[PDB]
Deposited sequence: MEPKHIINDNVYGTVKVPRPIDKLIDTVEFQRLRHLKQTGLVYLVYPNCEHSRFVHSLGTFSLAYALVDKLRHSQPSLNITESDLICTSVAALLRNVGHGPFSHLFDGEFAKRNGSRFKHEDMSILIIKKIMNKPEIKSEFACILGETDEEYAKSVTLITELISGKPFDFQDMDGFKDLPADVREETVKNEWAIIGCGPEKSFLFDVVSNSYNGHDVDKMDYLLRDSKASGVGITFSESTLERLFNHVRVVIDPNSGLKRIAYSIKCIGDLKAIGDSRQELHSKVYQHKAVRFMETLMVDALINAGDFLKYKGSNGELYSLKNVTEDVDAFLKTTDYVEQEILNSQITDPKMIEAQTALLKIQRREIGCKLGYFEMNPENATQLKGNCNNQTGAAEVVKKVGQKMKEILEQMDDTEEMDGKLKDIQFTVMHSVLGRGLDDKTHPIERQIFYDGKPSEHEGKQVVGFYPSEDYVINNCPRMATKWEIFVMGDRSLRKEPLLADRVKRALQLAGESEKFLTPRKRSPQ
């Protein structure tokens, strides 16, 4: 009943670690997360954002354990077992165990240019299977998760499904909502493809990786943690989180008949704050335009250095940074110290020298300069095509400016790149996550929940849940030529208006 450890945490005060979760924390696979920054290169703009994936993972664990333990005590008819509490807890603890260095770059532009095979969710699942089948881990968890191969393997399957599964996405297939009760009961019964548990435990899928509306404990932890680290204020607070946890129940989904996590309708504004806070932290922190400029230098360095950096894998074979996802043991040797590996390399191949040049430009702040931005409604597109169209129209406009003002190709020779940021609440361009959250009325002590009225987002939210930012990165030389820089900024705005993305 006493925790093995109580660990100081700056968001919650402390995190309690019960036996045998301590055995998962004290593995090389979990301790690796101390050497991955939660927010990647954001620290080059917000220097206090140097918090690790380790502290996020402990925080996320603490929330998943607290929420399932609260549900078990307030609704004994759910039949939540010690096994359900530990599986859901472990999924929360290990959801993030498979990030590479600078994960969003590693899985994004680096993976795209390199044809990389696996992304962090795939690697998480591989590392979870590796950790849970270690004999010194199985001997500690067997009394909770099962002594038989069948029982233990089902428990491990549930842990990986709580991360990877999307068991409610069928409910949004066209006309599922208008089907008769009969058809519906049968469809839900035969749609159930989860192996680790039956439909009677469907609500656990809302806790760890909530694909339906993004209201998972991972989200709640990183909003609070990343707000505190960045100093950017958000409406979702520690007190907001405690309000949700004091007003949470499992109810029947009126659309599927499955058990779902619901909140008291008096908390709808508190749930809306989760999506609004996500979009705010994306706009101000994670996709800050100077962070984006430095990401382009880091991706070039990783691509140029990638063949030369080698990691020993399972069978003593060496894997390059470009192939490390092909072997879990080699992958586990990678950290954010990849940056220092490049800087300290004694390899004199021209490509290594190019990678070192790019990293040294970051440290001297020799980065691209801002040549304008606008925000736009994703609907006015019908994002890569928008970027290509804006870049082509800007080039035409700069040619016309160059010839009309007789600048002898000074404008036509300017090097610039058009980039985009998706600034959303999660989910799709058009849907606020709050619209897809179930609520209950009254103070229950079986309850059927409801989704909000169509009026709620009309009265409280902008028409679209997502905006795109289109921005221009120029050669740093343009910093000393404001008259040229001003023409590129003018061209971006005219290209936006000429495509009907912006009104003048």
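Absent C-alpha positions map to the deposited sequence ranges 383 to 393, 457 to 461, 521 to 526, in order along the chain.
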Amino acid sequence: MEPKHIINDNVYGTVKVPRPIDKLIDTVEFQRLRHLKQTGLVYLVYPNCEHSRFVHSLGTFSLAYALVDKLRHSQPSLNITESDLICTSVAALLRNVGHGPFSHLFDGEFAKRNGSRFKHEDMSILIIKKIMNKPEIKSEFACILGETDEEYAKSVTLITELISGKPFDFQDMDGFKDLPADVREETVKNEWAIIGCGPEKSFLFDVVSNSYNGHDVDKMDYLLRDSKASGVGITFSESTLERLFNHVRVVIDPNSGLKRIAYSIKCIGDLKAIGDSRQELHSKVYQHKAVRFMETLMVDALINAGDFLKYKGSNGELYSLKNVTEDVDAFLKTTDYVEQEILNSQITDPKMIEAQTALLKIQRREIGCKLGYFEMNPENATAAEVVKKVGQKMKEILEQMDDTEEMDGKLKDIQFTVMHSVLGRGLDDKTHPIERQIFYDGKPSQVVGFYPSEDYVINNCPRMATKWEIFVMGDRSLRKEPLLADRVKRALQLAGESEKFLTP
From here on, numbers count along this sequence of modelled residues.
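The stretch with the higher mean CA B factor, choosing between 458 to 466 and 23 to 31, is 458 to 466. Stretches 263 to 271 and 186 to 194 differ in mean CA B factor, with 186 to 194 having the higher one. As recorded in the entry, 113 carries the highest CA temperature factor of 361, 113, 228, 72.
Highest CA B-factor among the listed residues (429, 253, 238, 295): 429.
For residue 17, the recorded CA temperature factor ranks within the lowest third of the chain's modelled residues. Sorting the modelled residues of the chain by their CA temperature factor places residue 447 in the highest third. When the modelled residues of the chain are ordered by C-alpha B-factor, residue 478 sits in the highest third. Sort the modelled residues of the chain by CA B factor and residue 279 lands in the lowest third. When the modelled residues of the chain are ordered by C-alpha B-factor, residue 95 sits in the lowest third.
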